[PDB]
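Given as structure tokens, the chain that follows is alone and in the form deposited in one PDB entry.
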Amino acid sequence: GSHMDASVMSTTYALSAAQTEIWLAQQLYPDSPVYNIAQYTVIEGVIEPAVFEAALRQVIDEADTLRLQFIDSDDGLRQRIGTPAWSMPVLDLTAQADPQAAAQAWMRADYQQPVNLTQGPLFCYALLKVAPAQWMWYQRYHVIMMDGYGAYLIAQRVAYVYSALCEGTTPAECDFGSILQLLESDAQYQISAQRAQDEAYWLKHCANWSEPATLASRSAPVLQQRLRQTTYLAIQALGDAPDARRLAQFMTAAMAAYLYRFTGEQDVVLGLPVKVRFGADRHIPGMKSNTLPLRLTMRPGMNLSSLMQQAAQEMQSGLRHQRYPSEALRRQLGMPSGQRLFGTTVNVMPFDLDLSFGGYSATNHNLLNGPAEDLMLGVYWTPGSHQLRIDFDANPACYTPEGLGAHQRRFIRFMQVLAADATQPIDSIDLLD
């Protein structure tokens, strides 16, 4: 034989369950950058690129998932903590006729590139000066090594380290754990009795399932990046003081009521993304998130409060078993592949969007949020703020931009009228054009 494969196997770790599903899904279309997540922080002040690069180096040392390198092997793909070659581009676009548009185009050209996992770079950090005392920190990752909460933790840590370095202070000891402990915990869960309990619960929950209700007229795999319809809204349109749990309950209830009013289906299956972070996993950047199948049963004449109680019940009974992958449940239920458990996902991310870099305020804004197989309702909300950002992310094959926009406007209106009177049956509101 040849020793190279043996040394590859002995110097690597197996992928986690979520990483395995990500890799299996990406292998079908290796030229599709739909598995990139991306955001950018607008900083209202002066950023020194050298101090920022120093902070980025420190955080890359602190979050070892940023140094994961992947290697092919007889066992598909494996990973180790390697030495990625990275750089921080600094682009001053203040002289351009449209500095904001130039920065948007730069980051779009970045996150549109295909990402080969065995060569990298799996992440990209760059600074874009869009105005005097207005900078942009652009972050991009592949979902195989990062999710939403991980990127949020990394942005917070980078902000803190930069603020500490600017005032010449030693940054406090980082709170992060190692990605290897996360991988070991996932490997232990994969052969755990907790996993058997979760599998039994999810097999009983969606035992006799139904094909998902959807606003699209066709089912198609995700190939292009999402079509995004973004709208901002005030919290009083909801009015329910909601927390993350009840905000997600209300969003899922509204989406299920809209799907029932548009399709007539009464057993609406939605997708609910969750962190799957308990204990030490709450302080380890990387990929850990899952999507739960949330069933909402519709009865004609039912109001919003009953739907919200249904959603609260489903979450209260299902979040205990959120470690079981939805793909493993789909395979275990005996469903033919291509048949999904849910079509419309409701991704509520109650992560703080505010940061402080060297005394200057800054705000986070998403560009990519993973693949959009059908419809994804992304709800960005800083806990406490009176504002919500609502993104309709759609598969370009199943939707067109203006149709998605009309659906979003009608859904916003229907949801506002729903929250106006939670006792009125959903079959009564007249909807829009």
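One rule holds for the numbers: they count along the sequence shown, beginning at 1. Basically, rigid core = biggest C-alpha set you can superpose within 1.5 Å across the two forms.
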Checklist entry - Can you say how many deposited residues have no coordinates in the span between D281 and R282, choosing none, 1 to 3, 4 to 9, or 10 or more? => result none
Checklist entry - When the C-alpha temperature factors are averaged for each of 336-344 and 142-150, which stretch ends up with the higher value in the entry? => result 336-344
Checklist entry - Comparing 398-406 with 371-379, which has the greater mean CA B-factor as deposited? => result 398-406
Checklist entry - Hey, out of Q113, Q79, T230, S217, whose CA B-factor is highest in the deposited coordinates? => result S217
Checklist entry - Between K288, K129, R157, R320, where does the Cα B-factor run highest in the record? => result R320
Checklist entry - What third of its chain's C-alpha B-factors does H386 belong to: lowest, middle or highest? => result highest
Next on the checklist: For the chain shown, is the CA B-factor of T423 in the lowest, middle or highest third of its modelled residues?
Outcome noted: highest
Checklist outcome for this item: Chain thirds by Cα B factor, record data; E167 belongs to the highest
Checklist outcome for this item: Of the three thirds of Cα B-factor ranks in this chain, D240 occupies the highest
Next on the checklist: Looking at the temperature factor on the CA atom of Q249, which third of the chain's modelled residues does it land in?
Outcome noted: highest
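There is another form of the same protein, the form deposited in another entry; it is not shown, and what comes next is about it.
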Item to check | Position with Cα shift of 2 Å or more, rigid core superposed between the shown form and the other one, options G343, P293, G358, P273 | outcome: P273
Checklist entry - With both forms fit on the core, has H283 moved 2 Å or more by CA between the shown form and the other one? => result yes
Item to check | C-alpha of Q416 moved at least 2 Å between the shown form and the other one on rigid core | outcome: no
Checklist entry - So the C-alpha spacing of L353 and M376 changes by 3 Å or more in the other form; is that change toward closer or farther than shown? => result farther
Next on the checklist: Closer or farther: the C-alpha atoms of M376 and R277 in the other form, versus the form shown, with a change of 3 angstroms or more?
Outcome noted: closer
